[PDB]
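Mind looking over this structure? Questions follow.
In order of appearance the chains are A, B, C, D, E and F, and numbering begins at 1 in each one.
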């Protein structure tokens, strides 16, 4: 069974304490005792559960920088394999 | 068919209408067009077409098909 | 058609809904399986890009 | 422009990656043993089991990244090494590059490292399949059996020694070390009560195969008193000795392959083993058997006709394919698919060291990933609907759309779609067999790609489609991010491995 | 139109009750 | 402030650039004034008005430097700049104005602006570089992304995105269709190396857009566009209309990929893709296992086709070590005199490859024996059935035969199996369609018959007739499928016309459009179907051993169109009210009377109308390109030329009399279907009177029009 700690310390759980109101008066002789904890989870207003809510640019920047590094590395590798320091650009390029 | 309720937790596409579908269509069409434009350029680098009308292939030109010199 | 109810007045014309996966959005566990698999994907993609693409 | 640095880069990366894995395993074992008295899980958040899981999963992942880098280093080194011998045509100079050993760490088992493409493909399969299997075993390891979180690290170390030594005895021993952890996993981690007999069957069958391989290697060692493949190259076996050796190695590695009629253990184990081991058993260990057979048969000159072995492999393919229609159990159906693919791969190694082992290696990788994906799908179905039989679960696509989509795309990939690597392996093997035997090639393609495929799709299409009417109160949820990403990684590998360098294929 | 129809009944997908042994010879 | 200062600085920089360039070119003031000899007044002179040039140069001194460092960090090269100390490099580059040589600020901006002008696109660029690939990729990727993003795009979003993609694809393909069919254009587009297949061998994902490819792809794309516009109407209030739309688009793009193959590997990929997309289209009602069995029968037949195609490709590769279709077609003649030692037999190389390709074609393009999956594949929605039966799935075998034409010219198995199986299939399909009470089954068996006729047309040796027959059948079968789909939707998912009748009033447009499309489809005289059947009978070879059976089957299948066309039309629209009272009464209430009243959709009506118009235009264009005295069609890459065109151009009297026999058989069948009274009626006597007076009027009309005047 799960044994982790629900009471996290890194942040406070977003909760709505007004959705359920515990009864505090007018109890009958056969009614059950009320419930102490009635807070419910409160999701962000702009939350869509059907998609990734990833709104950052870290993954895109990482992939773009990796692709740019691949491009410059290929340029240098081609320059070295041709025995030059930089690629010599021909005045005309034709279809292969 | 008569509409029937769909569970809220189920990520199914039954009678799904997005009120903001116009911007979604914009941002799913135009970048797709750009991606296909880039792929089109890349594939047009390697593209072959026969000679046009009034043009013949010189058999001794480098363009002409070649045979292996053993 | 004869008697058509528009989207606004339709009581069963669903807007997009449903949970994308079985992961709890309000999960408090320090679960790292998703992060490990994302790391595997990203590092594999980078290794292909940074070693093999050209 | 290939210099001395890359040679030492590859060798150092291989050796020090083995030592990285070994040091991580040693530290984790020391922490596990010396932090608790009973070494069972303390059922609370502050438990070493969390650290054990983290350390093992991260060792596997980071060592896999280092292995990717070392595999690329090896690819460059091997290409340029074959080039250097081929390049120079002057008779006065020959390629004499003598290397020095590293200073920080010793040569494990006092053996110089020898690396081949098949060995490193096997090691990559070990890494990835072990990663998937251990990710599929977290729900099974609990109080009093958490000690098997180290099992895949042990497998990785054993196979790392297995694929890097030129010592035939160390090779045989590392092949022989894969039984105890496997039996311990099946015996203690499996939840099914019928898995004890399955473990016994697995042990007895694989050990009979190991005994046959032991007889063959005993012949090799006793006749030519050495432990090196080059020393084998400097020796010739008579016709009778070579026939005995090839028969013994084929029969043993076909006990482990498995081959007809030695797949009863595989069926029973796959039906009864835990899903993580079933991913690891079908995905990897049989590939170790293939690698052992390839290393043994290539180094020995054999003058007999391989038609008997080819017939055995093709009979295994046909027998496995014809039984797919009659399987209502999805895991047993996947086991029969594994049997078919394994026999097809084993067929490619019946022509010695010809241009047929390339298709064998590619099909080994493809079957590893396909079997991992299929057993993972069976695991997801069994964890969601608490059943695997076709008569108990159907209509998955309507309640669990992601699982149904994964099943359908798994069938598409298994049907040998040209974009993936199963089509490439089929093309290789079937072209070679068609030039060898056209009618037998047509028979194999007809039985495997039509009848077996029809049965396999029938048992999966009936599960994917239908109505999940019963037990609406107990219907599960969709796929989690872990399962989704594992399935997507399997698909991504099966697709993108078609663009791997064709030098080694 | 002309009547407030209830939602689609669960009888539209009747639950099948197995009354016979699923023989392995009919697999 | 910022804008004014920026404008002033730009003007100053441009003036300095003009001054420098106009004074540097002729190599006299190139250096002398630039780095003048101190004279601090001179130093401020050069550092104050060339200051915009210097300051920018300073940026060029620091931007490049750090940039090089980045490379030094990323590439371990150049040893950075140890030779400099950042105080000599900066001073040297900043004071060196040679960088601003032949450079103007406004000219660079103008060049930036004119790099996106669309007025200079030119038409030769379109001719030289096919833009059709861009639109096809757009359609494919929009379909895939809509499949992945079904929640971002709702019903309307998916519909609009796929509609835009498909309309761009269709508009692009029309221009290139005209160019390829008329002006001998074709393209070979290599989309990079794809995958290794043998040791040292790597096949590439190549596409061949030529006459066969353009014909099949244009037919498929037109039918798909006018089905897609119709599909949204047919699935009006259904749960998964976006799902149906995306399945249709995936099947369309799979077929387009199949017909545009350049290699046998792309061909096999397209084959498997159309098989799986047809399986998903047929199994649209996933909740039903009754649909699953039909979809699985189709899947099994597709897998058998895949086996046959794969084995044929393997034989080709083991023979020629080549997978390019052009190279295979142009060199397969060298391997005619070859045999393969398969088991105890020595089979001819061309014979075995042709056998496997022909089996694969027969299973897909439904022929007798392998046809049984097509009637069961009617569980798919009507748009799916229209795409499957008009073209695509049942036209894949015709594409296999046309693409590999040189292979089948040298096959004795082809010569014996194509006409016999084609004629048997045509007879069987037409006859069964003449007896079917279901509309979808009627059209499926009509498709089987026309596939048999296409096989026969290919056996005639004339590929132009095959193309014409394929186009006519696809267009009119698709239109008829749409019409019967509207009829079925109105009848509330009852497809048999034994529960129809009197639908002309409720479905006027459906009635009239169905009349037009059936008289065109069934090959009634004075129609394009009549033309294609006449062309089929023009080139039919008479040297076959089984010619009696072949010709009899062809005649009986050609006369069978009248029966099913008349039965479908009359029973659906003008028979008695055999339907249920709820169907008629609910749609005829006085409250519903309005200018918006319609039992179909305006979009469906417009889609069918435009489909028919475009079909007529394209068929007329093809007839003018092929059947005119001036033969203007492009090369079909076939060297087997027979004399079948001689009987089309300069026929003899015997052939005219034979086709007259066929025409009079059709006339007698029309007389039978029109005037036979199978039931008692108040008009029975007057019907016989009308027949008598019609016979007498026809006789007298013949007498007067031929002799008197």
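Simple rule for what comes next: a contact is a pair of C-beta atoms (placed from the backbone, for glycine too) under 8 Å apart; a residue touches a chain by one contact, two chains touch by 3 or more.
A quick map from chain label to UniProt name: A = Transmembrane protein, putative; D = NADH-ubiquinone oxidoreductase chain 4; F = NADH dehydrogenase subunit 5.
Peer 1: Determine which of the two chain pairs, B-C or A-D, is joined by the larger number of C-beta pairs in contact.
Peer 2: So, comparing the two chain pairs, more contacts are at B-C.
Peer 1: Report the most central chain, judged by the distance from each chain's C-alpha mean to the global C-alpha mean.
Peer 2: Of the chains present, the most centrally placed is B.
Peer 1: Find the geometric centre of each of subunit B and subunit E from their Cα atoms only, then give the gap between the two centres in Å, rounded to an integer.
Peer 2: Computed from C-alpha means, the inter-chain centre distance equals 45 Å.
Peer 1: If you average the CA atoms of subunit E and of subunit F, how far apart do the two points sit, in angstrom?
Peer 2: 41
Peer 1: Can you check how far apart subunit A and subunit C are, centre to centre, with Cα atoms defining each centre and the answer in Å?
Peer 2: 10
Peer 1: Please output the residue numbers of subunit D that touch at least 2 other chains, ranges allowed.
Peer 2: 398, 467, 477-478
Peer 1: What are the residue numbers in subunit F that touch two or more other chains?
Peer 2: 151-152, 154, 190, 237, 287
Peer 1: Can you list the subunit C residues in contact with two or more other chains?
Peer 2: Subunit C, residues with two or more chain partners: 2, 16-20.
Peer 1: Please give the residue numbers of subunit D that touch subunit F in the complex, ascending.
Peer 2: Its residues touching subunit F are 355, 358, 395, 397-398, 412, 415, 417-419, 424, 426-428, 430-431, 434-435, 438-439, 441-442, 445-446, 449-450, 453-454, 457-458, 461-462, 464-467, 498-499, 502, 505.
Peer 1: Considering the complex alone, what residue numbers of subunit C touch subunit D?
Peer 2: 19-23, 32-34, 36-41, 43-44, 47-48, 51-52
Peer 1: In their shared complex, at which residues does subunit A touch subunit B?
Peer 2: 50, 95-96
Peer 1: In their complex, what parts of subunit B are in touch with subunit E?
Peer 2: So the residues of subunit B touching subunit E come out as 1-2, 4-5.
Peer 1: Could you list, by residue number, the parts of subunit D that touch subunit B in their complex?
Peer 2: Against subunit B, subunit D makes touches at 398-399, 401, 477-478.
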